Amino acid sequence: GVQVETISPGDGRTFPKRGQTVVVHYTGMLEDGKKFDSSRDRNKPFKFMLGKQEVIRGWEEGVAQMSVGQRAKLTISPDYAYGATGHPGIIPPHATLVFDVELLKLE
């Protein structure tokens, strides 16, 4: 599944609700710590619509547990990410993924 560990607290009031656009900065790492992607590198926040499944399961379930402003670590088992196949060119087979996610805003 997805384990969510707080790095720094959010507002403790406002969580992502189904259908909202969730706006974050993230860095994604393999379990050995090698970075594979960051929205900070693109200088552009990442947005996704909660419930639309435009992101992996562990993001849908994990980021929903964050309150606005919060920074957390999400640790995601392969079955809640890209599984046995992994993802061509970026994610190895059977990869547990760790993401640093800061929840910036909801729209």
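Numbers follow the displayed sequence, beginning with 1. For the two forms, the rigid core is made up of the largest set of C-alpha atoms that agree within 1.5 Å on superposition.
Note on 18-26 and 82-90: with rigid core alignment, C-alpha atoms in 6 other deposited structures of this protein sit farther from this form for 82-90. In 6 other deposited structures of this protein, superposed on the rigid core, the segment with the larger root-mean-square CA displacement between 54-62 and 27-35 is 27-35. Once the C-alpha B-factors are averaged per stretch, 92-100 and 10-18 rank with 10-18 first. Set 33-41 against 72-80 and average the Cα temperature factors; 33-41 ends up higher. Annotation for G62: C-alpha temperature factor in the middle third relative to the rest of the modelled chain, per the entry.
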